[PDB]
Structures are given as structure tokens and as C-alpha cells.
């Protein structure tokens, strides 16, 4: 297992889901809730097989948080991740139509050096580590619904590729301090 240099990490969680989760005899003690979640994630997995998303490598899923990365295979890989993150919205919206719900996805996207590999000799599973990731996650959680939050670096890169950015303000990243953040325009 090896290191890398320019990997684009995206976290997309679903804040509205934790509320929607119930445990009652009617929903078979939270099974039906987890059943819709399956349908949603499975819709998100139906995007990786697409051709323009062949570069997207899904890492794992934290509860309702979908975690993926591009560039594990110049900066076109950062743009892809956005077209992907857009796509999840189309997939999460689709569900809403049929499921009479109002889920909104919240997207944090960062980039930089990461280390990718296997951890533990029990069940070997693929995972990426380092600062780049930690920020990616921290930008999701401090994000706004229907909006993609990006760092100052990513702000710039997307501006070359024709995406416009609106400054969120400043964030206290645990260990990296105050820093400027951005939203891509719908």
C-alpha cells in the first residue's frame, strides 16, 4: 500500500436521515428505515458503473455519509468529483419523488496528498488517511444543505474549470486553525 499526491476526496452525508430513523413495531423496529437507506445508497452505487464516473472510486459509507475519491487510478479529476456530487443529488431527489420525503444532501469536497491502503490483518479493507481527508470530512459537517463546500485551493481550481464560488467565511478546523471556505453556485 502506497502514498499519493493529488487525490480529490468527497464526503456527502444526509443530516435529515437521523431524524427519519425510527424504531417501532410498525416499521419492524427500524428495519424499514434501514430499507429505504439501502435503496438510496444502492442508487448512489448505480453511478460508479457509469462511463464518465469510471474514475470515481467509492471508499466506504458512514451511516448515511457516502465517501468517495477521484485520482487513485491533470485537475479534471477534481471536476469529475463535482459532476459526481451533483449526480448524487439527482439520485437523492429521485428518491424524494417516490418516497414522499424531503432529503437534502450536504457535500464537502477537498484535495491533496493522501495515503491509501489496507488496515488490520483480520478483514483487509481499502481506506485513505491523512490531513486532506480530515478536512474533506470537516467541510461536509460544517456545510449547508444542497451546497458543495470547498477550501480556498479547490475554490481556485474549480474557477479555472468554469465553476463559480461564493465565500462561506471562515472555519475552525481542529488542528489546522481558521481557514477560508467556498460554495459552488447551483
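Residue numbers count along the first chain shown, from 1. For the two forms, the rigid core is made up of the largest set of C-alpha atoms that agree within 1.5 Å on superposition.
> Do you reckon 121-129 or 57-65 strays further from the shown form in 8 other deposited structures of this protein, measuring C-alpha RMS after a core fit?
Result of the core-fitted comparison in 8 other deposited structures of this protein: 121-129 deviates more.
> Missing residues between residue 73 and residue 74 in the deposited sequence, please: none, 1 to 3, 4 to 9, or 10 or more.
10 or more residues lack coordinates between residue 73 and residue 74.
> In the PDB record, does 62-70 or 131-139 carry the higher mean Cα temperature factor?
Per the deposited B-factors, the answer is 131-139.
> Averaging only over Cα atoms, indicate whether 93-101 or 79-87 has the higher B-factor in the PDB entry.
Between 93-101 and 79-87, it is 93-101.
> Looking at the C-alpha B-factor values in the deposited entry, which of 147, 123, 35, 52 comes out highest?
Largest recorded C-alpha B-factor: 123.
> Using the entry's values, work out which of 42, 47, 26, 157 has the largest Cα B factor.
The C-alpha B-factor peaks, among 42, 47, 26, 157, at 26.
> Ranked by Cα temperature factor within the chain, is residue 22 in the lowest third, the middle third or the highest third?
For residue 22, whose C-alpha B-factor we compare with every modelled residue in the chain, the answer is the middle third.
> Looking at the entry's B-factor column for C-alpha atoms only, identify whether residue 116 ranks in the lowest, middle or highest third of its chain.
Its C-alpha B-factor belongs to the middle third of this chain's values.
> Hey, what third does residue 165 fall into on Cα B-factor, ranked over its chain?
Within its chain, residue 165 is a highest-third residue by C-alpha B-factor, going by the deposited values.
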